[PDB]
Protein chains: 8
Amino acid sequence: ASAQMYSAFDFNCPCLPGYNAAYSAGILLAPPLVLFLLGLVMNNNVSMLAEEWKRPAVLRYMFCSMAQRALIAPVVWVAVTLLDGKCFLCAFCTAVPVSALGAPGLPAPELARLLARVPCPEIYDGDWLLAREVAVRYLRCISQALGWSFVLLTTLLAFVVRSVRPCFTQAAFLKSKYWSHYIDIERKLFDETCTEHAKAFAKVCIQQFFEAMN
Amino acid sequence: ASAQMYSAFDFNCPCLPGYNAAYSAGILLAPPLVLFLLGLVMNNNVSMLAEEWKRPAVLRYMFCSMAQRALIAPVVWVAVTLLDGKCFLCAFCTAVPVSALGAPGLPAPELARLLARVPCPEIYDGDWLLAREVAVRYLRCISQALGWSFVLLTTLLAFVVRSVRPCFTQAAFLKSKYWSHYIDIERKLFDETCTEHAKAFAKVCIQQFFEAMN
Amino acid sequence: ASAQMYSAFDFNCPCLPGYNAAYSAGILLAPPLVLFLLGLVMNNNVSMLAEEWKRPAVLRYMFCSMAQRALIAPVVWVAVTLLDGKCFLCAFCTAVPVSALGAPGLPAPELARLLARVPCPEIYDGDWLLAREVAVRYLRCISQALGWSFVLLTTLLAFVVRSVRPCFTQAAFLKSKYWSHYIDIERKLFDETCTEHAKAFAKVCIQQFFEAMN
Amino acid sequence: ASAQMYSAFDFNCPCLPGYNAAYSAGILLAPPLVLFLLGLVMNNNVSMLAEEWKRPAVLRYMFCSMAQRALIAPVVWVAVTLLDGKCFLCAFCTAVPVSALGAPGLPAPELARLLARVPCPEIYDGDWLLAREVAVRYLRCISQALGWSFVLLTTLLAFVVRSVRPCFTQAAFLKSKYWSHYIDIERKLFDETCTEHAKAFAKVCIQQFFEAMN
Amino acid sequence: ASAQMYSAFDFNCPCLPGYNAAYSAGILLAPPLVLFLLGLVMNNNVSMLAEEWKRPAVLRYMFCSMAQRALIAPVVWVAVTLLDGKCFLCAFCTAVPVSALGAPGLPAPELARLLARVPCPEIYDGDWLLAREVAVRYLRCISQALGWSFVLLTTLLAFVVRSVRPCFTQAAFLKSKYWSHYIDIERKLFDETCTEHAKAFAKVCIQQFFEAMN
Amino acid sequence: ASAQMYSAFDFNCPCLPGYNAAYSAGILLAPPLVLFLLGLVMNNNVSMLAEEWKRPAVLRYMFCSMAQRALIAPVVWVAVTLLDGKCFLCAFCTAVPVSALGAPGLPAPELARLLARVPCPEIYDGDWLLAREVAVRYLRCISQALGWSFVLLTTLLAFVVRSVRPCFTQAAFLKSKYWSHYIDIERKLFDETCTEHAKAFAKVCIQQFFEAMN
Amino acid sequence: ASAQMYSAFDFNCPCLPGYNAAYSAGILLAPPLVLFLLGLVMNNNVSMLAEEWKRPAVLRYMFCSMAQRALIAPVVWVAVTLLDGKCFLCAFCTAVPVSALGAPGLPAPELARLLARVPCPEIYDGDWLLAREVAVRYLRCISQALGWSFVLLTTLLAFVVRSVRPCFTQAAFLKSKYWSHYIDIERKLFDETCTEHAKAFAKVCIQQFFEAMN
Amino acid sequence: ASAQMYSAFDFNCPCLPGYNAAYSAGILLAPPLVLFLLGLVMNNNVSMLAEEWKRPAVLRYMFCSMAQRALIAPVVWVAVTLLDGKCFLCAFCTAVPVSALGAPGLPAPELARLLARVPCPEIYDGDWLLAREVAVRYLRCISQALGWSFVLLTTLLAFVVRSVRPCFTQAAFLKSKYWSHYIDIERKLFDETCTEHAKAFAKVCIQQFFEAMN
Ligand SMILES: CCCCCCCC/C=C\CCCCCCCC(=O)O[C@@H](COC(=O)CCCCCCCCCCCCCCC)COP(=O)([O-])OCC[N+](C)(C)C
Ligand SMILES: CCCCCCCC/C=C\CCCCCCCC(=O)O[C@@H](COC(=O)CCCCCCCCCCCCCCC)COP(=O)([O-])OCC[N+](C)(C)C
Ligand SMILES: CCCCCCCC/C=C\CCCCCCCC(=O)O[C@@H](COC(=O)CCCCCCCCCCCCCCC)COP(=O)([O-])OCC[N+](C)(C)C
Ligand SMILES: CCCCCCCC/C=C\CCCCCCCC(=O)O[C@@H](COC(=O)CCCCCCCCCCCCCCC)COP(=O)([O-])OCC[N+](C)(C)C
Ligand SMILES: CCCCCCCC/C=C\CCCCCCCC(=O)O[C@@H](COC(=O)CCCCCCCCCCCCCCC)COP(=O)([O-])OCC[N+](C)(C)C
Ligand SMILES: CCCCCCCC/C=C\CCCCCCCC(=O)O[C@@H](COC(=O)CCCCCCCCCCCCCCC)COP(=O)([O-])OCC[N+](C)(C)C
């Protein structure tokens with residue numbers, strides 16, 4: 001439910017020397033933060049939970065669970081961005097070593113107005129000190145290697161929580177389990193009494209509804 | 001049920017210096033207002049609700065509920081417009097800084113008749129003071145950043161109503177729950193009596209229908 | 001069941017100065033009128049309804065209902081025509097301000113024989129006083145804005161009938177409800193007697209059908 | 001089951017001055033007549049119906065019904081032909097006003113051998129007195145307007161038969177209803193007796209079929 | 001099950017002056033004759049039927065039925081050939097009036113070696129006395145008109161057999177009906193006795209199959 | 001299950017004067033012979049059938065049946081080859097009458113090295129005595145006519161076996177019918193005894209499997 | 001499950017005079033050997049079978065069965081390779097008769113460095129002694145003929161094992177049949193006892209699980 | 001669940017002489033290691049297993065099983081990389097024998113800056129000592145041969161574990177089987193008691209929920 005957005009969600013990368021960090025860093029942080037606290041609003045175990053959490057048990061449970069199953073969305077929508085390589089080229093294009101690993105120099109301020117124009121766009125000035133195909137696929141390299149290094153740092157970190165017992169014990173987990181299926185039971189518990197008691201005054205008001213004219 | 005309309009619904013953007021604000025602001029406000037008060041007409045809990053709401057309980061409920069589930073359509077059809085970037089370029093094209101972040105100047109009134117012609121269309125005059133690919137993807141940038149900032153302002157705002165108790169208490173919600181499944185019950189309550197009582201005069205009039213000729 | 005016709009139903013727009021109003025206004029009025037009184041012929045509650053409606057109750061009901069559910073087809077097939085913009089350009093092409101918002105003039109009658117040739121077709125004469133891409137997408141603008149203004153005038157108008165009680169009361173609606181499922185009941189009421197009574201003379205004539213030769 | 005034939009069924013339009021009326025009028029009349037009396041052969045209530053209809057009741061029913069449900073095929077396969085515009089251009093191409101609404105004249109007989117060559121084909125002679133794109137889309141206009149005027153003349157006419165009582169009364173309709181489900185009942189009536197009586201001589205001849213060798 | 005073959009079944013039309021009649025008339029007669037007596041071999045009511053039909057009742061039935069339901073395949077695979085127009089152009093290309101309705105003449109035998117080369121192929125000699133696009137779409141015209149005239153001659157002829165009583169009476173049809181479901185009954189009649197009697201010697205030979213080693 | 005192979009199974013046609021007969025006749029005989037004796041290996045009524053068929057009843061049955069239902073594969077994969085026309089052009093390309101029905105002559109041996117190069121390939125030498133499009137579509141003609149003549153010779157021949165009684169009588173067919181469903185019955189006959197008798201020693205060995213440690 | 005791999009599995013054919021035999025013979029032997037002993041690992045009747053097959057009955061059965069049903073994969077993935085013709089051209093390209101059936105000669109070692117470059121690749125040197133289209137489609141011929149000759153040698157060989165009794169008798173086949181459905185029976189035999197006995201200590205440990213706090 | 005990632009997961013191959021080994025070896029090791037210890041986190045038999053595995057039976061089981069079924073993902077995502085040939089060309093491009101099997105030499109350091117630019121990219125310098133199509137499809141050869149040699153080394157190695165008894169005996173496997181379906185049984189064991197005991201205080205608190213106002 002994350003990578004599908006990346007198919008049609010376009011990317012812009014404004015080639016202006018100094019706004020790049022914004023639009024670059026803007027797209028890598030916002031969707032995670034919005035995806036995180038959006039799926040959290042979907043789990044129905046949230047509403048009353050913060051209600052009684054301010055008056056002064058299960059105080060350390062029923063919040064770690066939501067924190068886990070709702071924290072899979074951001075970590076995937078932040079890894080797929082790195083592996084593509086369009087979010088990284090847009091940002092650090094202004095800091096590629098020119099005279100080496102690219103020869104002649106140029107003035108300082110105008111150069112930033114030149115090298116900043118070497119993402120994907122077809123408005124790049126061209127020849128001097130750099131060929132566009134050589135600049136890219138070098139920054140795309142550093143992203144993907146830095147990318148895979150990220151997911152190792154997470155998937156390994158997902159091996160301790162599901163293998164160690166942070167808040168997984170019979171202190172409140174078992175007790176909180178007692179809250180599991182009472183509420184939905186209360187849905188079909190009072191509903192039968194509610195639906196039945198509605199039948200009490202049903203026939204009473206229904207008097208004129210039987211027949212008369214027909 | 002919102003983004004699907006944006007697939008085939010064309011966009012025009014009339015390159016005339018002064019009507020742009022209309023056609024731009026026209027398309028960003030109308031569909032929300034029409035989508036809002038259209039889904040509201042779909043919920044069957046609306047008809048009698050305004051009926052008795054003028055004679056002088058549940059006065060503060062049964063209207064907030066409809067206001068919520070029917071207010072998801074506009075907020076999505078107003079975010080997708082920003083992220084695309086065709087509604088914003090059409091409007092503020094007349095206020096892009098020319099001499100900087102774009103050099104030679106020109107007369108005032110004719111310039112508005114020139115810069116106003118730089119959306120998507122292929123009738124742009126061209127060279128002076130601006131390249132068309134540089135104008136766009138700078139306004140497309142400001143939209144998307146302003147766009148994501150919008151949805152954060154909403155999805156976070158969708159975290160207080162579903163986590164705080166605005167009109168969520170046992171004052172009328174429980175009482176209004178008693179109105180929940182009586183009406184549909186009344187559908188199949190009098191129907192059995194109605195369908196049965198119809199069988200009363202059925203055999204009476206059916207006398208000549210048994211047989212005679214055959 | 002309306003917009004699907006607009007996919008393959010071609011459009012012609014004859015570039016002749018004076019027939020345009022016909023073929024333009026012809027296509028915007030006829031399909032509504034034919035769609036309206038066609039779906040009306042589909043509701044089975046129509047046949048006897050006009051029968052007894054001329055001899056001199058439910059006189060103000062059982063006709064407003066059909067008038068509603070069968071009046072959704074035209075209002076949609078008349079909004080989709082405006083939003084496209086091909087029905088409006090074909091008509092008012094002869095009244096676009098030339099010397100402004102388009103320079104040199106020309107004779108009166110021949111001009112109508114020129115400006116009338118600027119819809120979609122690729123037979124337009126060309127240069128003088130107007131560029132074809134500038135004429136269109138200005139009339140396409142006025143249509144869409146006028147279009148959305150239409151649907152607001154209707155969807156809002158669809159909020160009073162479903163929220164006010166024009167003919168929605170227990171004067172004949174409840175009485176007319178008594179006619180609801182008697183007729184279809186009469187279908188399977190006399191059918192069992194008819195199908196049964198057919199079995200009366202069945203065995204009588206079936207005498208020679210048992211066996212003899214075999 | 002009508003418009004589908006129009007997808008792959010090719011059209012020819014022989015550009016010969018005098019056969020056009022044949023091939024034009026030929027394709028607009030034949031498929032209706034063949035579609036009409038073809039679906040009539042499908043309704044199983046036809047066979048004996050004409051049998052006893054010549055020896056000298058239901059004499060005015062059981063033929064109007066078939067005449068209705070089998071007369072929907074032609075009226076649709078004759079409207080779709082008009083709206084397309086390829087059946088009309090092929091016919092009246094020889095009678096388009098040349099000197100006006102099209103300038104120099106020509107000899108009479110050769111002209112018919114020229115104007116007759118202006119349907120779709122790419123063998124048109126060209127320049128004089130008419131541009132091919134102007135001839136078509138003027139005759140295509142007159143067809144579609146004449147087309148929609150047709151379907152109004154029919155769909156309105158389909159509003160009197162389903163709203164007036166031509167042969168819809170309890171004179172023979174109810175009596176003819178008695179013939180409704182006897183015949184199919186006679187199918188499974190004698191079949192059980194036939195299938196059963198077959199079991200009579202079944203075991204009789206089956207004597208040598210039990211066992212002996214095995 | 002007929003027109004589907006016409007999709008991939010290629011057509012050749014050998015442009016040789018004198019073999020055309022063969023390959024043309026060859027493809028219009030053979031598939032009907034093969035389709036006719038092929039579906040006839042599918043109806044299981046054929047095998048014994050010709051068996052006892054030579055020793056010297058139902059003598060005039062049980063053969064007309066097969067003759068009808070198996071004669072729908074050829075009549076459709078012979079109409080679709082005409083309407084296409086590739087079977088007719090291939091044959092009568094040698095008899096198109098040249099000097100009229102097409103000017104200069106030529107020698108007799110070589111002309112047949114020229115006009116015979118004007119089907120679809122792109123090896124036509126060209127200019128003299130005929131343009132290839134004018135020859136075709138004139139013979140394609142005569143086919144389609146002659147084609148529709150055919151299907152009228154058949155579908156009308158299909159209105160007398162299903163409306164008159166050629167061999168539809170209670171002379172052998174009812175008697176032959178007695179043969180309808182006895183045979184398939186005999187399938188599951190002796191099968192139960194056969195399957196049962198097989199169980200007789202089943203346990204007898206199964207003696208060593210119970211157990212011993214295990 | 002035959003024509004599907006002809007879709008992707010490529011064809012080569014080596015243009016060498018003297019190997020053509022091999023690769024041509026090679027592909028028309030092998031797949032039939034392999035398809036024939038392959039489907040024969042699929043019918044489970046084959047294994048023991050040849051077993052007891054050599055020791056010295058049903059001797060003339062139970063082999064004609066397999067010979068029929070397994071001989072439908074080759075006759076279809078040998079007709080589809082003719083109708084295509086690529087198997088025939090590849091073979092008899094060396095025997096097309098050149099000086100007539102095609103003018104100047106040439107030496108004998110080199111000519112065979114030329115005319116042999118006129119299948120589909122684009123390495124044909126060209127001009128003299130023959131145009132490539134005229135050679136093909138003449139041999140493709142003779143194949144298809146010879147092809148349809150084949151299938152008539154078979155489908156008609158399929159009308160005598162299914163209408164005459166070659167080995168269709170109550171001499172061994174009825175007796176062999178007694179072998180029909182005993183074997184599969186023997187599958188579920190001893191299986192119940194086998195599966196049951198397995199339960200004998202099941203509980204005996206299962207002693208240590210109940211419980212002890214747990 | 002074999003030919004599907006051949007769709008996307010690319011082929012390389014390194015045009016180097018002397019490695020061709022390796023990469024050619026490498027791809028024709030390995031996949032068979034890996035497919036053979038891979039499907040063998042899938043049949044669950046293999047594990048214990050080799051276990052007791054070394055300590056010193058069914059010694060000649062239960063291994064021939066696996067050898068058959070798991071030997072269908074290689075024989076198909078080795079026939080499809082021949083019929084394509086890309087595995088054979090890659091190998092024997094260095095041994096095509098040049099001076100005949102292809103004229104001028106050349107030095108020995110360099111020639112091998114030339115003729116070795118005439119597979120599919122577009123780096124072939126060209127003119128002398130051979131045209132690339134003539135070399136291929138001659139080796140492609142010898143493969144396909146040699147290919148079909150292969151499958152005849154196998155499918156015929158598949159007619160003796162399924163028609164003769166190599167290891168098909170009541171010596172161990174019937175005895176080994178007794179091992180057929182005991183093991184899976186043992187799955188659901190001890191499972192019911194295991195699942196039941198688990199219920200023994202279930203209620204014992206479940207004491208504190210009933211209720212107390214709630 | 002492995003090869004699907006290889007469809008859209010792009011590949012970069014940065015043509016810089018010395019980073020190639022990193023990006024090459026980086027992509028061949030990381031996904032295996034991440035796929036391995038990711039599927040391991042999916043098997044629910046892992047959590048408590050490491051818990052009690054540190055306090056100082058089944059000590060040598062319940063870890064070999066997970067090690068097997070979760071070690072199929074890496075071995076497939078490491079074989080598909082070799083067979084493609086894009087991971088190997090990217091690495092060893094700097095060590096292809098130039099003067100042989102490719103003539104003139106060049107300086108040492110610049111040469112590495114040239115030969116390193118001969119993967120897929122279209123920035124290769126060109127002519128001297130090597131043609132790009134000859135370099136590739138020679139390294140692609142060595143990969144595929146080395147590739148198939150790999151999978152033989154594994155699939156054969158997968159024949160001993162499933163045919164020998166490493167940890168497959170009745171020492172702890174049978175005992176560990178006793179842990180198989182108790183836990184899920186404990187899910188629906190205490191749940192019925194938990195769901196039931198919830199019904200204890202259900203009616204107690206439900207007192208005010210029956211009726212009063214209605
Ligand atoms: C068509 C569909 C497309 C498919 C996509 C294909 C491509 C796929 C590519 C890659 C797939 C990678 C999968 C990753 C592993 C997922 C599991 C996981 O992580 O769960 C853990 C998450 O919670 C944590 O414990 C981690 C928290 C670490 C902090 C990270 C900061 C994030 C904020 C951003 C700031 C960054 C700033 C720094 C910027 C550098 C634990 O929760 P869980 O509930 O126990 O997990 C259950 C695991 N299970 C589900 C298997 C059992
Ligand atoms: C193929 C399909 C395409 C998919 C699209 C993919 C792209 C998706 C992109 C983005 C997705 C973004 C999702 C947003 C969050 C939705 C939820 C929500 O907001 O609900 C809230 C809405 O009601 C409110 O409380 C907000 C009201 C704020 C006022 C906004 C003005 C709007 C008028 C316009 C004037 C603007 C003028 C100013 C112009 C700047 C609360 O109601 P709820 O019932 O409690 O919500 C339940 C939430 N749940 C559903 C999860 C539980
Ligand atoms: C993918 C699919 C494609 C879809 C197509 C999309 C395009 C659609 C475009 C258009 C759709 C138009 C629909 C038309 C209305 C149909 C109903 C109707 O007409 O029934 C009537 C027909 O019988 C009559 O009463 C009319 C007879 C008039 C005579 C006409 C001459 C015809 C002969 C030719 C000579 C011409 C010579 C003159 C030449 C100028 C009455 O019968 P009914 O049984 O009561 O009808 C029930 C109606 N109901 C079904 C709703 C209840
Ligand atoms: C994707 C699918 C493609 C669809 C195709 C779309 C295109 C469709 C185009 C057209 C459709 C046309 C349909 C035709 C009508 C069919 C019905 C019929 O004819 O039955 C009759 C046939 O038997 C006869 O009575 C006729 C015999 C006349 C002799 C003809 C010679 C044929 C031999 C050749 C020598 C020629 C030599 C002369 C050369 C000039 C009677 O039998 P029935 O059992 O009572 O019929 C039941 C009718 N029902 C089925 C409705 C109830
Ligand atoms: C997408 C799918 C593609 C569809 C394809 C579309 C194209 C279709 C085109 C054409 C379809 C043609 C169908 C043909 C008829 C089939 C029936 C038949 O023949 O059965 C008979 C076959 O057995 C025989 O009796 C014939 C034996 C004659 C010997 C032929 C030599 C063959 C060896 C080669 C050497 C050649 C050397 C000489 C070279 C010149 C009898 O057996 P049956 O069991 O009683 O048959 C039941 C019939 N039924 C099934 C209807 C009841
Ligand atoms: C659309 C879908 C695409 C399809 C793809 C098509 C292409 C397919 C192409 C090829 C398919 C190849 C299949 C391989 C066989 C799989 C089975 C197997 O191996 O299981 C074994 C794995 O565990 C082991 O025993 C092997 C461990 C060896 C160490 C390898 C190092 C790996 C680390 C990397 C470092 C490398 C460093 C060195 C670099 C050179 C045993 O476990 P099992 O549970 O008993 O297996 C059951 C087998 N069964 C499943 C049949 C019963």
# chains A, B, ... in the order shown; residues from 1 in each chain; ligands from 1

$ residues_near_ligand --ligand "ligand 2" --cutoff "9 Å" --atoms "only C-alpha atoms and all ligand atoms" --output "JSON, numbers by chain"
{"A": [5, 9, 34, 38, 39, 40, 41, 42, 43, 44], "B": [1, 2, 3, 4, 28, 29, 32, 33, 36, 65, 66, 67, 68, 69, 70, 71, 72, 73, 74, 75, 76, 77, 78, 79, 80, 82, 83, 146, 147, 148, 150, 151, 152, 153, 154, 155, 156, 157, 158, 159, 160, 161, 162]}

$ interface_residues --of "chain E" --to "chain C" --cutoff "12 Å" --atoms "only C-alpha atoms" --output "ChimeraX atom specification"
/E:57,170,172,174-179,182

$ write_last_selection --atoms "C-alpha atoms" --output "CSV table (one decimal), in the first residue's frame"
chain,number,residue,atom,x,y,z
E,57,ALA,CA,-43.4,-46.1,-39.1
E,170,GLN,CA,-48.8,-37.4,-34.5
E,172,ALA,CA,-44.5,-41.1,-36.0
E,174,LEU,CA,-45.1,-39.1,-31.0
E,175,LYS,CA,-44.2,-42.7,-31.6
E,176,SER,CA,-40.5,-41.8,-32.2
E,177,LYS,CA,-40.7,-39.8,-29.0
E,178,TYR,CA,-41.1,-43.1,-27.2
E,179,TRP,CA,-37.5,-43.9,-28.3
E,182,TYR,CA,-35.0,-45.2,-23.3

$ select_by_dssp --residues "stretch 32-137 of chain E" --states "alpha helix (DSSP H)" --output "JSON, numbers by chain"
{"E": [32, 33, 34, 35, 36, 37, 38, 39, 47, 48, 49, 50, 51, 64, 65, 66, 67, 68, 69, 73, 74, 75, 76, 77, 79, 80, 81, 82, 83, 84, 86, 87, 88, 89, 108, 109, 110, 111, 112, 113, 114, 115, 132, 133, 134, 135]}

$ residues_around --residues "residue F:142" --least-positions-apart "4" --cutoff "9 Å" --atoms "only C-alpha atoms" --output "PyMOL selection string"
(chain E and resi 23) or (chain F and resi 85+88+137-138+146-147)

$ write_last_selection --atoms "N, CA, C and O atoms" --output "PDB file, in the first residue's frame"
ATOM      1  N   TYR E  23     -10.139 -21.970 -58.132  1.00  0.00           N
ATOM      2  CA  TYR E  23      -9.845 -21.591 -56.752  1.00  0.00           C
ATOM      3  C   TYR E  23     -10.958 -20.738 -56.164  1.00  0.00           C
ATOM      4  O   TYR E  23     -11.184 -20.753 -54.950  1.00  0.00           O
TER       5      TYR E  23
ATOM      6  N   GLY F  85       0.257 -23.849 -46.672  1.00  0.00           N
ATOM      7  CA  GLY F  85       0.962 -23.663 -47.918  1.00  0.00           C
ATOM      8  C   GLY F  85       2.454 -23.464 -47.802  1.00  0.00           C
ATOM      9  O   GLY F  85       3.108 -23.232 -48.823  1.00  0.00           O
ATOM     10  N   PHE F  88       4.313 -27.095 -48.859  1.00  0.00           N
ATOM     11  CA  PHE F  88       4.282 -27.477 -50.263  1.00  0.00           C
ATOM     12  C   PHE F  88       5.180 -26.603 -51.124  1.00  0.00           C
ATOM     13  O   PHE F  88       5.845 -27.111 -52.029  1.00  0.00           O
ATOM     14  N   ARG F 137       1.809 -18.192 -54.372  1.00  0.00           N
ATOM     15  CA  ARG F 137       0.384 -17.944 -54.600  1.00  0.00           C
ATOM     16  C   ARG F 137      -0.110 -18.633 -55.867  1.00  0.00           C
ATOM     17  O   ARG F 137      -1.285 -18.515 -56.221  1.00  0.00           O
ATOM     18  N   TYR F 138       0.768 -19.348 -56.558  1.00  0.00           N
ATOM     19  CA  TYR F 138       0.374 -20.365 -57.516  1.00  0.00           C
ATOM     20  C   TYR F 138       0.576 -21.761 -56.953  1.00  0.00           C
ATOM     21  O   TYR F 138      -0.298 -22.616 -57.103  1.00  0.00           O
ATOM     22  N   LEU F 146      -5.705 -28.965 -53.235  1.00  0.00           N
ATOM     23  CA  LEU F 146      -5.362 -30.330 -52.872  1.00  0.00           C
ATOM     24  C   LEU F 146      -5.621 -30.580 -51.398  1.00  0.00           C
ATOM     25  O   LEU F 146      -5.882 -31.718 -50.995  1.00  0.00           O
ATOM     26  N   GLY F 147      -5.555 -29.533 -50.577  1.00  0.00           N
ATOM     27  CA  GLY F 147      -5.818 -29.708 -49.161  1.00  0.00           C
ATOM     28  C   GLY F 147      -7.270 -30.037 -48.880  1.00  0.00           C
ATOM     29  O   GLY F 147      -7.579 -31.067 -48.274  1.00  0.00           O
TER      30      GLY F 147
END

$ atom_distance --atom1 "atom CA of residue A:129" --atom2 "atom CA of residue A:104"
6.0 Å

$ atom_distance --atom1 "atom CA of residue B:193" --atom2 "atom CA of residue C:192"
21.9 Å

$ atom_distance --atom1 "atom 9 (C, counted along the ligand's line) of ligand 5" --atom2 "atom CA of residue E:11"
14.9 Å

$ residues_around --residues "residue B:102" --least-positions-apart "6" --cutoff "9 Å" --atoms "only C-alpha atoms" --output "mmCIF file with C-alpha atoms, in the first residue's frame"
data_model
loop_
_atom_site.group_PDB
_atom_site.id
_atom_site.type_symbol
_atom_site.label_atom_id
_atom_site.label_comp_id
_atom_site.auth_asym_id
_atom_site.auth_seq_id
_atom_site.Cartn_x
_atom_site.Cartn_y
_atom_site.Cartn_z
ATOM 1 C CA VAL B 96 7.027 34.844 -11.315
ATOM 2 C CA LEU B 129 13.814 36.727 -19.876
ATOM 3 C CA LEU B 130 12.528 33.192 -19.424
ATOM 4 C CA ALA B 131 12.745 29.658 -20.776
ATOM 5 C CA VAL B 134 12.469 26.879 -16.215
ATOM 6 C CA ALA B 135 9.234 28.710 -15.374
#

$ decode --residues "stretch 203-209 of chain B" --atoms "N, CA, C and O atoms" --output "PDB file, in the first residue's frame"
ATOM      1  N   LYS B 203     -58.130 -13.991  -2.221  1.00  0.00           N
ATOM      2  CA  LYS B 203     -59.007 -15.088  -2.613  1.00  0.00           C
ATOM      3  C   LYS B 203     -60.420 -14.595  -2.892  1.00  0.00           C
ATOM      4  O   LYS B 203     -61.169 -15.233  -3.639  1.00  0.00           O
ATOM      5  N   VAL B 204     -60.804 -13.463  -2.298  1.00  0.00           N
ATOM      6  CA  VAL B 204     -62.147 -12.933  -2.513  1.00  0.00           C
ATOM      7  C   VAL B 204     -62.339 -12.505  -3.961  1.00  0.00           C
ATOM      8  O   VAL B 204     -63.302 -12.920  -4.618  1.00  0.00           O
ATOM      9  N   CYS B 205     -61.435 -11.676  -4.483  1.00  0.00           N
ATOM     10  CA  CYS B 205     -61.520 -11.226  -5.866  1.00  0.00           C
ATOM     11  C   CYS B 205     -61.099 -12.311  -6.849  1.00  0.00           C
ATOM     12  O   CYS B 205     -61.495 -12.274  -8.019  1.00  0.00           O
ATOM     13  N   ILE B 206     -60.318 -13.292  -6.386  1.00  0.00           N
ATOM     14  CA  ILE B 206     -59.783 -14.345  -7.251  1.00  0.00           C
ATOM     15  C   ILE B 206     -60.825 -15.373  -7.659  1.00  0.00           C
ATOM     16  O   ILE B 206     -60.469 -16.362  -8.315  1.00  0.00           O
ATOM     17  N   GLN B 207     -62.091 -15.178  -7.276  1.00  0.00           N
ATOM     18  CA  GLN B 207     -63.142 -16.169  -7.498  1.00  0.00           C
ATOM     19  C   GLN B 207     -63.239 -16.589  -8.961  1.00  0.00           C
ATOM     20  O   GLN B 207     -63.212 -17.781  -9.284  1.00  0.00           O
ATOM     21  N   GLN B 208     -63.348 -15.615  -9.867  1.00  0.00           N
ATOM     22  CA  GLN B 208     -63.483 -15.935 -11.284  1.00  0.00           C
ATOM     23  C   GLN B 208     -62.175 -16.394 -11.917  1.00  0.00           C
ATOM     24  O   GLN B 208     -62.159 -16.711 -13.111  1.00  0.00           O
ATOM     25  N   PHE B 209     -61.084 -16.443 -11.152  1.00  0.00           N
ATOM     26  CA  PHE B 209     -59.774 -16.773 -11.696  1.00  0.00           C
ATOM     27  C   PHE B 209     -59.438 -18.256 -11.629  1.00  0.00           C
ATOM     28  O   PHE B 209     -58.453 -18.674 -12.244  1.00  0.00           O
TER      29      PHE B 209
END
